[PDB]
Amino acid sequence: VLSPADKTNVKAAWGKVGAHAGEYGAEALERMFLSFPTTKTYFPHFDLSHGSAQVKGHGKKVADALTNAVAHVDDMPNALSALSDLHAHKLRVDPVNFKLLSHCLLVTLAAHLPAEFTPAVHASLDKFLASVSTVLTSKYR
Amino acid sequence: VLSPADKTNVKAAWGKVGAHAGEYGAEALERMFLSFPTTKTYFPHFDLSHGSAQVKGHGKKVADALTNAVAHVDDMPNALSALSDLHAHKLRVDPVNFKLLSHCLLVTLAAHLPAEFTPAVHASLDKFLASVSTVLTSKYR
Amino acid sequence: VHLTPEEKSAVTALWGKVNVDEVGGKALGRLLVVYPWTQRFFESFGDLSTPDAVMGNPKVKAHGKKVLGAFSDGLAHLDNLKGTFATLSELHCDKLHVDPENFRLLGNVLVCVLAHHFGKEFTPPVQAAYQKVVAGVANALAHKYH
Amino acid sequence: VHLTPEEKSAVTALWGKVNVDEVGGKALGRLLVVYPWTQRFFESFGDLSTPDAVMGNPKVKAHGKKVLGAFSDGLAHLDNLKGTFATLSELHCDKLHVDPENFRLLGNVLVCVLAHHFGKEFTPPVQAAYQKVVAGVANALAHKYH
Ligand code: HEM
Ligand code: HEM
Ligand code: HEM
Ligand code: HEM
């Protein structure tokens, strides 16, 4: 649903991320690969070691997609439609994996935004990532 | 998403249920209580033994709600909005529980509709129940 | 997993009636059809483009036969599924990296197939007994992740 | 659960810095705020209407202290969480009937609290080590369902 308060909270927190967007996207991916080893299999052509230019480049892509969702939060299904087809149809990404990356994105934000990661903002971000994940797994329903 | 084929498949299968709608809703609830005992705690004022008038009455309510969703399949969020508020806000039903009842509804339909429960129709019904469940847990996002 | 005598009876009696050359393929094919991301692990099986291609795929049917074999073995060692399943846990977890949620899904799809095949005979109590079995098998296959 | 020496080190060192009178309440309060259906089990705690009421609720803070105590005990018996957690598994499964997915959720919320509290110090490898611990604790608390 994402309430008015949630949209404000997400825009505010994402706003503090700033030029760090891509770096945080990459850190989230790394935390995901280290914490949930099963996710690494989706990236065979990637070296996933720390400092990897591919994971850095891919972190920027993930951040840009999240930024697009924040910017068009009231029209998320349409905004992420092509990404939805890619992850479900072509990549066949297991739905559980979105919960894993969403958790790592929250951990990364909590680790970099001490003032902003309040319980209320943590809840809004969780709902935002749940919504993004629902859209990304919708070409399964 | 529910494709045109899925909508046809669901309307067709539900169409065969007929006067048995409520009976199947009750059987699904019973299968849920026996198979996943944790769900029984939501119904303290109900006796859940076989033949219970309360479970029978409640099965009719569940069937009627599913029937409303089938009938307004293209406007499901609006059609089930009040039910969504009830299950999330008031009842605080755990999201996992919708997967459990959805599974029991598929089992009940498979047990009563041998000709209709083909792999394609099984998939459409699963997507339909997943969509109903997404809506019912949306007042959480 | 602990089944009461009543449930062991329910399970064993139904199982003795299962077509073991067919039921496994029906469950695996439905898993691939209903939860299509699972097809990721079966690229070498060929045409999986439509439900008919999946269900009639010779390799799906043969592979399902092996899967059913494993459930049969588990039904025979409900007191050591961890041991019965060690080798397979190593394969599915350490080698293929299948998320364990899919083990629960395949178990539930097998339950749907049993219900479709046995109809009224697959009563609510019989289903409850089988849910304990498939949860037991799923937990054992996931042992290597614990 | 099996942690390498490297990971045991990561975990133990971070844990020795945890405010055990506060961190548990922060994780439990966030669990109640972020996944509000969990509030179903805490009706006797009083006002849980807003995030501020939850976080400042004396009972949430006291109860969280007990929860953290259990994680501390688990960190001390990573080789017998099943035993360490038997009594609590009986309470949460047999008595309260909490779905075990929430055990995984509380573990992940604790991980978020640790990250918020330690910032850069909670590196990706340290997080990986803690994920093994919370998955271990969650599986042990769910033993009575297996
Ligand atoms: C918050 C959730 C996610 C977002 C916003 C996201 C976003 C993206 C974007 C923007 C791309 C690039 C698309 C293009 O090149 O046109 C991509 C690619 C990809 N994603 Fe995701 N993704 C998410 C979750 C996941 C998950 C959970 C997995 C699997 C564990 C995954 C696996 C992949 C793979 C394998 C590729 C292709 C990489 C390549 O071959 O170059 N994604 N994603
Ligand atoms: C397919 C999913 C579901 C549908 C279509 C559905 C539908 C309904 C309907 C139509 C009502 C009656 C509302 C009214 O009186 O205005 C209801 C009540 C209720 N539902 Fe559900 N429901 C679903 C899933 C669940 C699940 C998974 C649980 C918990 C395990 C649950 C627990 C309850 C409870 C506790 C009540 C109130 C009973 C009472 O106090 O009288 N529902 N549901
Ligand atoms: C409870 C559920 C499951 C059981 C009992 C089971 C059982 C088996 C058995 C007996 C084999 C053959 C082993 C051999 O050749 O010696 C096998 C192979 C395989 N399974 Fe499963 N399985 C289950 C779930 C899954 C799931 C959910 C997936 C992924 C979607 C999967 C993917 C595979 C693959 C890819 C192979 C081929 C391994 C190879 O030959 O290299 N399985 N399984
Ligand atoms: C890994 C996660 C968890 C741990 C380590 C844990 C630990 C504990 C501990 C140590 C107690 C106090 C026991 C005593 O008084 O002797 C307790 C009580 C309780 N827990 Fe948890 N818990 C966890 C998850 C949950 C979840 C997810 C819920 C539900 C949302 C829950 C609901 C309760 C309730 C209602 C009590 C009060 C029992 C009573 O005093 O009657 N717990 N827990």
# chains A, B, ... in the order shown; residues from 1 in each chain; ligands from 1

call {"tool": "residues_near_ligand", "arguments": {"ligand": "ligand 3", "cutoff": "7 Å", "atoms": "only C-alpha atoms and all ligand atoms", "output": "PyMOL selection string"}}
result
chain C and resi 38-39+41-42+66-71+88+91-92+96+98+102-107+134+137-138+141

call {"tool": "write_last_selection", "arguments": {"atoms": "N, CA, C and O atoms", "output": "compact mmCIF listing (two decimals), in the first residue's frame"}}
result
# COMPACT_ATOMS: atom_id res chain seq x y z
N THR C 38 11.72 -22.88 -11.04
CA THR C 38 12.43 -24.13 -10.80
C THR C 38 12.99 -24.72 -12.09
O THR C 38 13.86 -25.58 -12.05
N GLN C 39 12.51 -24.24 -13.22
CA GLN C 39 12.99 -24.72 -14.51
C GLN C 39 14.47 -24.36 -14.73
O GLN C 39 15.16 -24.94 -15.57
N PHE C 41 16.91 -25.09 -13.02
CA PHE C 41 17.74 -26.25 -12.74
C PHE C 41 17.59 -27.40 -13.74
O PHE C 41 18.25 -28.43 -13.59
N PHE C 42 16.75 -27.21 -14.75
CA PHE C 42 16.48 -28.30 -15.69
C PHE C 42 16.63 -27.94 -17.15
O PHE C 42 15.87 -28.42 -18.01
N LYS C 66 12.78 -41.05 -9.96
CA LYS C 66 13.85 -41.05 -8.97
C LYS C 66 13.42 -40.27 -7.72
O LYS C 66 13.68 -40.69 -6.57
N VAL C 67 12.79 -39.12 -7.95
CA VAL C 67 12.29 -38.31 -6.84
C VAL C 67 11.32 -39.14 -6.02
O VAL C 67 11.42 -39.21 -4.79
N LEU C 68 10.36 -39.80 -6.68
CA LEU C 68 9.41 -40.61 -5.92
C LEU C 68 10.12 -41.71 -5.14
O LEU C 68 9.75 -42.02 -4.01
N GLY C 69 11.19 -42.25 -5.75
CA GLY C 69 11.98 -43.30 -5.11
C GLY C 69 12.51 -42.79 -3.78
O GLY C 69 12.46 -43.49 -2.77
N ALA C 70 13.00 -41.55 -3.78
CA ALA C 70 13.53 -40.97 -2.54
C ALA C 70 12.42 -40.81 -1.49
O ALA C 70 12.64 -41.11 -0.30
N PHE C 71 11.22 -40.38 -1.90
CA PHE C 71 10.15 -40.28 -0.91
C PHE C 71 9.83 -41.67 -0.38
O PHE C 71 9.56 -41.84 0.80
N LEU C 88 21.72 -36.88 -0.76
CA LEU C 88 20.90 -35.98 -1.53
C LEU C 88 20.95 -34.54 -1.02
O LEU C 88 20.77 -33.61 -1.81
N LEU C 91 24.00 -33.04 -2.51
CA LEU C 91 23.77 -32.71 -3.92
C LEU C 91 22.95 -31.42 -4.12
O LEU C 91 23.31 -30.55 -4.88
N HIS C 92 21.80 -31.37 -3.46
CA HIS C 92 20.89 -30.23 -3.60
C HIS C 92 21.33 -28.94 -2.92
O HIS C 92 20.97 -27.85 -3.36
N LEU C 96 24.08 -28.09 -6.11
CA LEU C 96 23.16 -27.34 -6.96
C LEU C 96 22.74 -26.02 -6.33
O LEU C 96 22.34 -25.12 -7.03
N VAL C 98 20.08 -25.32 -4.43
CA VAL C 98 18.63 -25.07 -4.57
C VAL C 98 18.13 -24.44 -3.28
O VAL C 98 18.39 -24.94 -2.19
N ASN C 102 12.08 -24.54 -1.95
CA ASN C 102 11.56 -25.35 -3.06
C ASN C 102 11.34 -26.81 -2.65
O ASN C 102 10.58 -27.53 -3.31
N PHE C 103 11.99 -27.24 -1.58
CA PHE C 103 11.81 -28.62 -1.10
C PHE C 103 10.41 -28.68 -0.52
O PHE C 103 9.71 -29.68 -0.67
N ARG C 104 10.01 -27.62 0.19
CA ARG C 104 8.68 -27.55 0.77
C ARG C 104 7.68 -27.49 -0.39
O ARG C 104 6.66 -28.15 -0.34
N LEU C 105 7.97 -26.69 -1.42
CA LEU C 105 7.06 -26.59 -2.57
C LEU C 105 6.86 -27.93 -3.28
O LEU C 105 5.72 -28.29 -3.60
N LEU C 106 7.94 -28.66 -3.53
CA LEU C 106 7.80 -29.95 -4.22
C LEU C 106 6.96 -30.89 -3.34
O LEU C 106 6.12 -31.62 -3.87
N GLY C 107 7.17 -30.86 -2.02
CA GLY C 107 6.36 -31.68 -1.13
C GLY C 107 4.89 -31.32 -1.23
O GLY C 107 4.02 -32.21 -1.27
N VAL C 134 6.16 -34.89 4.23
CA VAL C 134 6.88 -34.01 3.32
C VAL C 134 7.66 -32.91 4.03
O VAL C 134 8.71 -32.48 3.54
N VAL C 137 10.86 -34.72 5.10
CA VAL C 137 11.75 -34.93 3.97
C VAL C 137 12.40 -33.59 3.59
O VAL C 137 13.60 -33.53 3.36
N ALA C 138 11.60 -32.52 3.55
CA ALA C 138 12.17 -31.21 3.23
C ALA C 138 13.23 -30.79 4.26
O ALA C 138 14.28 -30.26 3.88
N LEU C 141 16.41 -32.86 3.61
CA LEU C 141 17.15 -32.48 2.43
C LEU C 141 17.89 -31.17 2.69
O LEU C 141 18.92 -30.92 2.07

call {"tool": "interface_residues", "arguments": {"of": "chain A", "to": "chain D", "cutoff": "8 Å", "atoms": "only C-alpha atoms", "output": "list in words"}}
result
residues 27, 30, 31, 34, 35, 36, 103, 106, 107, 108, 110, 111, 112, 113, 114, 117, 119, 120, 122, 123 and 126 of chain A

call {"tool": "closest_residue", "arguments": {"among": "B:45, B:90, B:72, B:7", "to": "chain A", "atoms": "only C-alpha atoms"}}
result
B:7

call {"tool": "interface_residues", "arguments": {"of": "chain A", "to": "chain B", "cutoff": "8 Å", "atoms": "only C-alpha atoms", "output": "PDB file with C-alpha atoms, in the first residue's frame"}}
result
ATOM      1  CA  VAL A   1       0.000   0.000   0.000  1.00  0.00           C
ATOM      2  CA  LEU A   2       2.754   2.477   0.977  1.00  0.00           C
ATOM      3  CA  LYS A 127       7.517  -1.980   3.091  1.00  0.00           C
ATOM      4  CA  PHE A 128       9.114  -0.210   0.116  1.00  0.00           C
ATOM      5  CA  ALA A 130       8.579  -5.587  -0.079  1.00  0.00           C
ATOM      6  CA  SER A 131       6.616  -3.659  -2.698  1.00  0.00           C
ATOM      7  CA  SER A 138       4.635 -10.492 -10.305  1.00  0.00           C
ATOM      8  CA  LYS A 139       5.368 -11.992 -13.652  1.00  0.00           C
ATOM      9  CA  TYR A 140       4.975 -15.256 -11.670  1.00  0.00           C
ATOM     10  CA  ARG A 141       1.328 -14.509 -10.793  1.00  0.00           C
TER      11      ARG A 141
END

call {"tool": "closest_residue", "arguments": {"among": "D:100, D:74, D:5, D:46", "to": "residue 136 (chain D)", "atoms": "only C-alpha atoms"}}
result
D:74

call {"tool": "residues_around", "arguments": {"residues": "residue 65 (chain C)", "least_positions_apart": "3", "cutoff": "10 Å", "atoms": "only C-alpha atoms", "output": "VMD selection string"}}
result
chain C and resid 19 to 28 59 to 62 68 to 70

call {"tool": "write_last_selection", "arguments": {"atoms": "N, CA and C atoms", "output": "compact mmCIF listing (two decimals), in the first residue's frame"}}
result
# COMPACT_ATOMS: atom_id res chain seq x y z
N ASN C 19 1.06 -45.24 -8.27
CA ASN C 19 1.72 -45.74 -9.47
C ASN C 19 3.13 -45.12 -9.40
N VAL C 20 4.12 -45.88 -8.96
CA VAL C 20 5.46 -45.30 -8.82
C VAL C 20 6.21 -44.98 -10.12
N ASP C 21 5.65 -45.38 -11.26
CA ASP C 21 6.27 -45.06 -12.54
C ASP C 21 5.70 -43.73 -13.05
N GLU C 22 4.61 -43.28 -12.44
CA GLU C 22 3.95 -42.07 -12.92
C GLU C 22 3.82 -40.87 -11.99
N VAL C 23 3.56 -41.15 -10.72
CA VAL C 23 3.30 -40.07 -9.80
C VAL C 23 4.43 -39.08 -9.61
N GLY C 24 5.66 -39.56 -9.65
CA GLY C 24 6.82 -38.68 -9.47
C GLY C 24 6.95 -37.67 -10.58
N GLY C 25 6.71 -38.14 -11.80
CA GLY C 25 6.79 -37.28 -12.96
C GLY C 25 5.66 -36.27 -12.93
N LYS C 26 4.51 -36.66 -12.41
CA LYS C 26 3.38 -35.73 -12.35
C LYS C 26 3.70 -34.62 -11.33
N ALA C 27 4.36 -34.97 -10.24
CA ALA C 27 4.69 -33.94 -9.24
C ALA C 27 5.80 -33.02 -9.74
N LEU C 28 6.84 -33.60 -10.32
CA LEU C 28 7.95 -32.78 -10.83
C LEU C 28 7.48 -31.88 -11.97
N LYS C 59 12.19 -36.97 -20.03
CA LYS C 59 13.16 -36.78 -18.96
C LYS C 59 12.49 -36.32 -17.67
N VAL C 60 11.43 -35.53 -17.78
CA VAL C 60 10.70 -35.13 -16.58
C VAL C 60 10.12 -36.39 -15.95
N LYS C 61 9.49 -37.22 -16.77
CA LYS C 61 8.93 -38.46 -16.25
C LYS C 61 9.98 -39.39 -15.60
N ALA C 62 11.14 -39.55 -16.24
CA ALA C 62 12.20 -40.41 -15.68
C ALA C 62 12.78 -39.82 -14.39
N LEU C 68 10.36 -39.80 -6.68
CA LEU C 68 9.41 -40.61 -5.92
C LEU C 68 10.12 -41.71 -5.14
N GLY C 69 11.19 -42.25 -5.75
CA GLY C 69 11.98 -43.30 -5.11
C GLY C 69 12.51 -42.79 -3.78
N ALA C 70 13.00 -41.55 -3.78
CA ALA C 70 13.53 -40.97 -2.54
C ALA C 70 12.42 -40.81 -1.49

call {"tool": "atom_distance", "arguments": {"atom1": "atom 32 (C, counted along the ligand's line) of ligand 2", "atom2": "CA of residue 43 (chain D)"}}
result
17.6 Å

call {"tool": "interface_residues", "arguments": {"of": "chain C", "to": "chain D", "cutoff": "9 Å", "atoms": "only C-alpha atoms", "output": "number ranges by chain"}}
result
C: 1-2, 132, 135-136, 139, 146

call {"tool": "residues_around", "arguments": {"residues": "residue 89 (chain A)", "least_positions_apart": "2", "cutoff": "9 Å", "atoms": "only C-alpha atoms", "output": "list in words"}}
result
residues 84, 85, 86, 87, 91, 92, 93, 139 and 140 of chain A; 36 and 37 of chain C

call {"tool": "write_last_selection", "arguments": {"atoms": "N, CA, C and O atoms", "output": "short mmCIF file (atom, residue, chain, number, x, y, z; two decimals), in the first residue's frame"}}
result
data_model
loop_
_atom_site.label_atom_id
_atom_site.label_comp_id
_atom_site.auth_asym_id
_atom_site.auth_seq_id
_atom_site.Cartn_x
_atom_site.Cartn_y
_atom_site.Cartn_z
N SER A 84 10.83 -6.57 -14.15
CA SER A 84 10.00 -7.70 -13.69
C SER A 84 10.07 -8.88 -14.69
O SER A 84 10.26 -10.04 -14.31
N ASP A 85 9.87 -8.58 -15.97
CA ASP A 85 9.96 -9.61 -17.01
C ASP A 85 11.37 -10.23 -17.00
O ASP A 85 11.53 -11.45 -17.07
N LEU A 86 12.41 -9.39 -16.93
CA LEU A 86 13.77 -9.92 -16.89
C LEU A 86 14.03 -10.87 -15.73
O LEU A 86 14.55 -11.96 -15.94
N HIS A 87 13.69 -10.47 -14.50
CA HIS A 87 14.01 -11.34 -13.38
C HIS A 87 13.17 -12.62 -13.29
O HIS A 87 13.66 -13.66 -12.87
N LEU A 91 15.70 -14.62 -16.23
CA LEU A 91 16.61 -15.08 -15.17
C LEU A 91 16.07 -16.15 -14.25
O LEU A 91 16.85 -16.83 -13.57
N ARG A 92 14.75 -16.27 -14.19
CA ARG A 92 14.11 -17.24 -13.30
C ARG A 92 14.62 -17.09 -11.86
O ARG A 92 15.04 -18.06 -11.21
N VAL A 93 14.62 -15.86 -11.35
CA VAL A 93 15.08 -15.67 -9.99
C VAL A 93 14.05 -16.16 -8.99
O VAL A 93 12.87 -15.76 -9.00
N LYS A 139 5.49 -11.37 -12.36
CA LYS A 139 5.37 -11.99 -13.65
C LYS A 139 5.42 -13.50 -13.41
O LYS A 139 5.73 -14.26 -14.31
N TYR A 140 5.08 -13.88 -12.17
CA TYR A 140 4.97 -15.26 -11.67
C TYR A 140 3.51 -15.48 -11.30
O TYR A 140 3.08 -16.61 -11.10
N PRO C 36 7.50 -21.86 -12.13
CA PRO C 36 8.48 -21.86 -13.21
C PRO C 36 9.92 -21.47 -13.00
O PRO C 36 10.75 -21.82 -13.81
N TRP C 37 10.25 -20.82 -11.88
CA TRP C 37 11.67 -20.50 -11.65
C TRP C 37 12.43 -21.81 -11.42
O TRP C 37 13.64 -21.87 -11.59
#

call {"tool": "residues_near_ligand", "arguments": {"ligand": "ligand 1", "cutoff": "8 Å", "atoms": "only C-alpha atoms and all ligand atoms", "output": "short mmCIF file (atom, residue, chain, number, x, y, z; two decimals) with N, CA, C and O atoms, in the first residue's frame"}}
result
data_model
loop_
_atom_site.label_atom_id
_atom_site.label_comp_id
_atom_site.auth_asym_id
_atom_site.auth_seq_id
_atom_site.Cartn_x
_atom_site.Cartn_y
_atom_site.Cartn_z
N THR A 39 22.72 -17.55 -3.51
CA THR A 39 22.49 -16.51 -4.49
C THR A 39 23.62 -16.28 -5.48
O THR A 39 23.42 -15.64 -6.53
N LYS A 40 24.81 -16.77 -5.16
CA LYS A 40 25.95 -16.55 -6.05
C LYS A 40 25.81 -17.22 -7.41
O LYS A 40 26.40 -16.73 -8.41
N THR A 41 25.02 -18.28 -7.46
CA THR A 41 24.87 -19.04 -8.72
C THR A 41 24.23 -18.28 -9.87
O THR A 41 24.32 -18.69 -11.04
N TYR A 42 23.59 -17.17 -9.56
CA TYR A 42 22.99 -16.34 -10.59
C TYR A 42 24.02 -15.51 -11.31
O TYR A 42 23.76 -14.93 -12.38
N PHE A 43 25.22 -15.45 -10.72
CA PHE A 43 26.27 -14.65 -11.31
C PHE A 43 27.55 -15.39 -11.65
O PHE A 43 28.60 -15.13 -11.05
N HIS A 45 29.32 -15.36 -14.60
CA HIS A 45 30.23 -14.54 -15.38
C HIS A 45 30.82 -13.38 -14.58
O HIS A 45 31.49 -12.51 -15.16
N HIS A 58 27.41 -3.61 -11.05
CA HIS A 58 26.06 -4.11 -10.89
C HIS A 58 25.34 -3.43 -9.72
O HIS A 58 24.12 -3.29 -9.76
N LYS A 61 23.68 -0.48 -11.01
CA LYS A 61 22.42 -0.78 -11.70
C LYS A 61 21.26 -1.03 -10.71
O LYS A 61 20.15 -0.52 -10.91
N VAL A 62 21.52 -1.79 -9.66
CA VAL A 62 20.49 -2.09 -8.64
C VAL A 62 20.05 -0.77 -8.00
O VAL A 62 18.84 -0.53 -7.86
N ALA A 63 21.01 0.07 -7.61
CA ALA A 63 20.66 1.36 -7.00
C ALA A 63 19.81 2.22 -7.94
O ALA A 63 18.86 2.88 -7.51
N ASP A 64 20.19 2.26 -9.22
CA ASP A 64 19.44 3.07 -10.17
C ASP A 64 18.02 2.58 -10.30
O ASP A 64 17.10 3.37 -10.47
N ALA A 65 17.82 1.27 -10.26
CA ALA A 65 16.46 0.73 -10.34
C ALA A 65 15.67 1.11 -9.06
O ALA A 65 14.49 1.49 -9.13
N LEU A 66 16.31 1.03 -7.90
CA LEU A 66 15.60 1.40 -6.67
C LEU A 66 15.23 2.89 -6.70
O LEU A 66 14.14 3.30 -6.27
N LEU A 83 11.96 -4.77 -15.82
CA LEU A 83 12.84 -5.43 -14.85
C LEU A 83 12.15 -6.67 -14.31
O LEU A 83 12.81 -7.70 -14.05
N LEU A 86 12.41 -9.39 -16.93
CA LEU A 86 13.77 -9.92 -16.89
C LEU A 86 14.03 -10.87 -15.73
O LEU A 86 14.55 -11.96 -15.94
N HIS A 87 13.69 -10.47 -14.50
CA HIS A 87 14.01 -11.34 -13.38
C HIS A 87 13.17 -12.62 -13.29
O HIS A 87 13.66 -13.66 -12.87
N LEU A 91 15.70 -14.62 -16.23
CA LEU A 91 16.61 -15.08 -15.17
C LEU A 91 16.07 -16.15 -14.25
O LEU A 91 16.85 -16.83 -13.57
N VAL A 93 14.62 -15.86 -11.35
CA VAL A 93 15.08 -15.67 -9.99
C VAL A 93 14.05 -16.16 -8.99
O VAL A 93 12.87 -15.76 -9.00
N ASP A 94 14.49 -17.02 -8.09
CA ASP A 94 13.64 -17.55 -7.06
C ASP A 94 13.05 -16.40 -6.20
O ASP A 94 13.81 -15.58 -5.69
N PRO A 95 11.73 -16.37 -5.97
CA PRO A 95 11.12 -15.31 -5.16
C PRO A 95 11.75 -15.11 -3.78
O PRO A 95 11.77 -14.00 -3.26
N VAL A 96 12.22 -16.20 -3.18
CA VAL A 96 12.83 -16.07 -1.87
C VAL A 96 14.05 -15.14 -1.92
O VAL A 96 14.35 -14.43 -0.94
N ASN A 97 14.72 -15.12 -3.07
CA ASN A 97 15.96 -14.34 -3.16
C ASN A 97 15.73 -12.84 -3.02
O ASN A 97 16.64 -12.14 -2.60
N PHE A 98 14.54 -12.38 -3.37
CA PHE A 98 14.25 -10.94 -3.20
C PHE A 98 14.18 -10.58 -1.73
O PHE A 98 14.57 -9.47 -1.36
N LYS A 99 13.69 -11.49 -0.89
CA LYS A 99 13.68 -11.22 0.54
C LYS A 99 15.11 -11.12 1.06
O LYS A 99 15.42 -10.32 1.94
N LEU A 100 15.99 -11.95 0.51
CA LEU A 100 17.37 -11.94 0.95
C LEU A 100 18.08 -10.64 0.60
O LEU A 100 18.77 -10.09 1.46
N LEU A 101 17.94 -10.18 -0.64
CA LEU A 101 18.58 -8.95 -1.05
C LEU A 101 17.95 -7.77 -0.31
O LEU A 101 18.66 -6.85 0.09
N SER A 102 16.63 -7.82 -0.13
CA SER A 102 15.94 -6.73 0.59
C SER A 102 16.54 -6.63 2.00
O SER A 102 16.84 -5.52 2.47
N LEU A 105 19.91 -5.00 1.81
CA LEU A 105 19.79 -3.57 1.53
C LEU A 105 19.46 -2.84 2.84
O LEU A 105 19.99 -1.78 3.09
N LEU A 129 10.74 -2.02 0.08
CA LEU A 129 11.45 -3.14 -0.57
C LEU A 129 10.52 -4.34 -0.79
O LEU A 129 10.67 -5.09 -1.77
N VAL A 132 8.68 -3.44 -3.95
CA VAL A 132 9.55 -3.61 -5.11
C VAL A 132 9.65 -5.11 -5.42
O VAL A 132 9.54 -5.52 -6.58
N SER A 133 9.88 -5.91 -4.38
CA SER A 133 9.99 -7.36 -4.53
C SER A 133 8.68 -7.99 -5.09
O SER A 133 8.75 -8.87 -5.93
N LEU A 136 8.62 -7.28 -8.69
CA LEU A 136 9.63 -8.05 -9.41
C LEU A 136 9.29 -9.53 -9.50
O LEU A 136 9.86 -10.22 -10.34
#
